[PDB]
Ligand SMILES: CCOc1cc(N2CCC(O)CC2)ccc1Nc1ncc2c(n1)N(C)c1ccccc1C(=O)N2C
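Given as C-alpha cells, the chain that follows is alone and in the form solved without the ligand.
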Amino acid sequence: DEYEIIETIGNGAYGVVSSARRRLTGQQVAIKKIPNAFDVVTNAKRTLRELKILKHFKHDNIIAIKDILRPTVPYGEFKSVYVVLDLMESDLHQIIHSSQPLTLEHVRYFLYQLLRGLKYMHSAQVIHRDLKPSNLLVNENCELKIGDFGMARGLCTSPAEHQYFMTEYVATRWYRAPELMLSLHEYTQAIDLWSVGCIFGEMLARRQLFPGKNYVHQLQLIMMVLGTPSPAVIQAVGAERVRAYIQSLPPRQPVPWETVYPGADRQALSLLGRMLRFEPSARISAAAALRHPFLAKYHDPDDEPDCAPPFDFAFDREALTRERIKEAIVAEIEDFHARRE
C-alpha cells in the first residue's frame, strides 16, 4: 500500500482523522475519511466546496490537500472519500486554553500567520465565515493553518440556501459578526475581521471575549463593550423585534479596550480596536492589519502574497442531485491527479 496508519487523532477543524505516514518516504500525513459522502445533498455539496477551495489555494497558512485517494472499487460502490492533509498536532483553542506558554510574542506570531493567510484568501474573494481558535490548526513547528471551509462563501450567494435569509445561524455564536447577527445586508471579508478580533482578544486574556448564552445575551455582551449601535446600524436591522429590543435599551458608550484588557500591549489594543467595530466598512482589512505597527516584526510585503485568479462559487449555487455531486467530486479527484501527472 501507499500509506501506513499510526493512530486515530482529534482535529479542531475536521473532528476525527487518522495520523499516517507515506510508506516510501516516511512523510507524516493526516488522513481524513468522509464516510457515506454522497448520501445527503448538504454534506455532499460541502465536500465539493471544500475540495475546490483547498485545491485553488496554495499558501503556507491554509490547510493543503497533499493527496486524494482514487476509487479502488466500481463507481457505484465508491461511497467514502479519503483526503490526505498536512498533519497538524494541535490548534489555537488547545494552546490558548492549556498550561502551555502564551506570551505577547506568541499572540503577535499567531495573529501574523492568521492575517497572512486571510490576506491571500480575501484577495480570492473567499470569506471563511467561521474563524475560531479550533479551526486554526497549529503543528509542532508553530505553523498556523486555517482549516474548515464548509461555511465559506463568495461575495454572491444563491437565494435557494436557507442561510441567505437566516444569517444569524451562520457559523459560531461567539465569533459571529454583527452584520450576521442583525442581517445588516452588508456581507464581505469584513465578517472574518470581526472573528479575528474575537480570536485576538481571546489570545490576550486566554478567555472568550463575547461568550453569549443565546441570541439576545450575545448582543448584550457585544453592547457591554462596544456600546449602543449607531442609529444607521439600528435602521439596517432586518427584524422588527431585535430592532425594538435594541431601541428599548438605555444608551451606552464604548468601553475602552484599556479597561477590557488592563495593562495589555498598546499596539495590540490599537489593532484590536480597528477590528471590533459594529460597521463592517469601518473595520481594518487583513492586508492593512498586516501593515499595523503591532505586526512590523514579521511584516514583509514581498512574502505576503495575494491569490490570483479569484475563486468562483458558481458551481455551489447550482441545484444538483446527490448523484451529480458525486460525479463532480469524482471529477475533482481525477483533475487533482491529472494536474500532478
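Residues that one form lacks are left out of the comparison. Superpose the two forms; the largest set of C-alphas matching within 1.5 Å is the rigid core. All residue numbers are counted from 1 along the displayed sequence.
Quick note: we don't show the form solved in complex with the ligand, though the next part is all about it.
- Placing the ligand onto this chain after superposition of the site C-alphas, with its pose taken in the bound PDB entry, gives at least three ligand atoms within 2.4 angstroms of backbone or C-beta atoms; the site is classed as blocked.
- Checked against the ligand in the bound PDB entry, the candidates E168, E186, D265, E89 yield a single residue with a heavy atom inside 4.5 Å, and that residue is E89.
- Here is the short version: of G201, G117, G147, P229, the single residue with a heavy atom within 4.5 Å of the ligand in the bound PDB entry is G147.
- At the 4.5 Å threshold, heavy atoms of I9 reach the ligand in the bound PDB entry.
- In the bound PDB entry, at least one heavy atom of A30 sits within 4.5 Å of the ligand.
- Shown alone here, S123 lies farther than 4.5 Å from the ligand in the bound PDB entry, counting heavy atoms only.
- In the bound PDB entry, at least one heavy atom of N135 sits within 4.5 Å of a heavy atom of the ligand.
- Of the candidate stretches 108 to 116, 147 to 155, 69 to 77, 215 to 223, only 147 to 155 contains residues with a heavy atom within 4.5 Å of the ligand in the bound PDB entry.
- Once you line up the core between the shown form and the other one, the Cα of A331 stays within less than 2 Å of where it was.
- After superposition on the rigid core, displacement of the C-alpha of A13 between the shown form and the other one amounts to 2 Å or more.
- Between this form and the other one, the CA-CA gap for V16 and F38 narrows by 3 Å or more, being smaller in the bound PDB entry.
- In the bound PDB entry, the Cα-Cα separation between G15 and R46 shrinks by 3 Å or more relative to the displayed conformation.
- Legend: core-fitted overlay between the shown form and the other one; highlighted is 10 to 16, the single run of at least 3 consecutive residues with CA shifts of 2 angstroms or more.
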